[PDB]
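One chain follows as structure tokens, the form deposited in one PDB entry.
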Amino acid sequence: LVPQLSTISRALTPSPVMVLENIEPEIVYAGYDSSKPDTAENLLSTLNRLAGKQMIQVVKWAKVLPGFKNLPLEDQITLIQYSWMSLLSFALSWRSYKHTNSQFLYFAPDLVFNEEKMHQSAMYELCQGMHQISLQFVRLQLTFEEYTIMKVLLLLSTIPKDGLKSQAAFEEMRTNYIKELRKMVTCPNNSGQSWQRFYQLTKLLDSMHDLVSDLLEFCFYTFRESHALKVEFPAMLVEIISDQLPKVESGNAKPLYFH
């Protein structure tokens, strides 16, 4: 009988972490036009346009993310919709860390926020919050490997209060990626140092919930008063926020914590 299991294939397939590196989206440009006054209406509209372009790349990434296709299609869609802000804000801190040593907020190569832009955007306190996350990346010396696994965990960090179509399939993928992170933090065996770091990384993931809650509060507010505020949103964000706003505001979004 022909062996159905292929030792060669299992040994040859890239590790999950290696696949994450391979499928990570290339950098996206904001299309920022410096001729426009740096007022909140203009800066915020630009950030919304950038967000739409980033999400187009996020969905392509999710399509080839190992294990994600094992979840019901409706759950894949649900998870992207509930995690979008966490994913984009986390990636913003990563780009800021890698490209500016966490000195500025690197939204895109053509849109880098310094203190002035943060004030002008009318969301200064929120910019400071994401900047703080960037500063923690330097203190922790976060690695790309760690970052990629953590971004998947954020995709799996908020679920509908009633649950997904397949909680078991979700739980399997989540436990698998948590395992990857645990192995990632372990040569020189030192359980103590390994657990201390694992703890630092899960505390940071947990801290994303409060930050994301505040970012969404601002997002939903500007969306609701888009006309009065003159803040424009691209189709992709109208699609996402139109779905998310009522679900989050009615208390249906359940955060998953490590601590």
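Residue numbers here begin at 1 and follow the sequence given.
One more form of this protein should be noted, the form deposited with a partner chain bound, which is absent from this view; the next part is about it.
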{"query": "Contact residue in the entry with it bound, chosen from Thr148, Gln76, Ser96, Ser89 - any heavy atom within 4.5 Å of its partner chain", "finding": "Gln76"}
{"query": "Among the candidates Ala40, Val59, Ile27, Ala30, the residue which, in the entry with it bound, approaches its partner chain to within 4.5 Å (heavy atoms)", "finding": "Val59"}
{"query": "4.5 angstroms heavy atom contact with its partner chain in the entry with it bound for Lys63", "finding": "yes"}
{"query": "Contact label in the entry with it bound: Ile80 to its partner chain, heavy atom within 4.5 Å", "finding": "yes"}
{"query": "is_contact(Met18, its partner chain) in the entry with it bound, heavy atom dist at most 4.5 Å", "finding": "no"}
{"query": "is_contact(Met236, its partner chain) in the entry with it bound, heavy atom dist at most 4.5 Å", "finding": "yes"}
